[PDB]
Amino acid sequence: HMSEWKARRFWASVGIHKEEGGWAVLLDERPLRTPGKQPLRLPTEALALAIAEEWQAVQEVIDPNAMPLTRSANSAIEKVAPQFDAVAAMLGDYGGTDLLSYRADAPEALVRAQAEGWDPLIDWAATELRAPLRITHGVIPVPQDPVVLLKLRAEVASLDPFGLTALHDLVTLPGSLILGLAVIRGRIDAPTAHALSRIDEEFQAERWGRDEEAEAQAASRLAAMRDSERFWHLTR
């Protein structure tokens, strides 16, 4: 009966302060902790200011959808930084299972649509990252070059922990390491990555009509990708 009471805005003031481990966000002069009670320490002033804005904006009760940056920072601290090596390997492994490699084999018009959108991104990764992926069509298998898989592993493992946290959903939601890397490396923005990731579903929708459930999911996945992109930029 008191669950919302516990989630109320019980603080008056919000500010920030730099500690040895990073920036803290202060609620009436007390550093915010994660839900697991770990110290919340942030890599940049910009992220601390933006998280402080989330906590200043709380009206009567804490609303987590209004606090996307807090949610990402909690994950960085509780999940990604302590599991960095594992998470980095997992994300890097999407190089071997990349959306952009697995083309349709039919109809012809879909093959062409996929190439128009995705071949520039393959080419970008080939030249910028020295990571040329192989593509295939339909059920024909093709393995990636072990050296390319290495390069993509190394690229992901080179990130800092909050940056890896930001990358995560930019990879997993569209199912593409290349699209995620293209966002964090500035080749495309998140709305463009989202659109590219949907070429098959939009081809089908233009032929057979839109599915409102699928469209609702895609819109929720765009806002999520925008939130990850924002977290990337704020943590530089």
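Each residue number is its position in the shown sequence, starting from 1.
In this crystal structure, the stretch out of 163-171 and 206-214 whose C-alpha atoms carry the higher mean B factor is 206-214. Relative to its counterpart among 112-120 and 99-107, 99-107 has the higher mean temperature factor, C-alpha atoms as listed in the PDB entry.
Across the residues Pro43, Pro68, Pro39, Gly180, the deposited record lists the maximum Cα B factor for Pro39.
The residue among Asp28, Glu54, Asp189, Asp63 whose C-alpha atom has the highest B-factor in the PDB entry is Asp63. Sorting the modelled residues of the chain by their CA temperature factor places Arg236 in the middle third. Per-chain ranking of the deposited C-alpha B factor places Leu49 in the lowest third.
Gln144 sits in the middle third of its chain by CA B factor, as recorded in the PDB entry.
Among the modelled residues of its chain, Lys18 has a C-alpha B-factor that falls in the middle third according to the deposited record.
Sorting the modelled residues of the chain by their CA temperature factor places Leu196 in the middle third.
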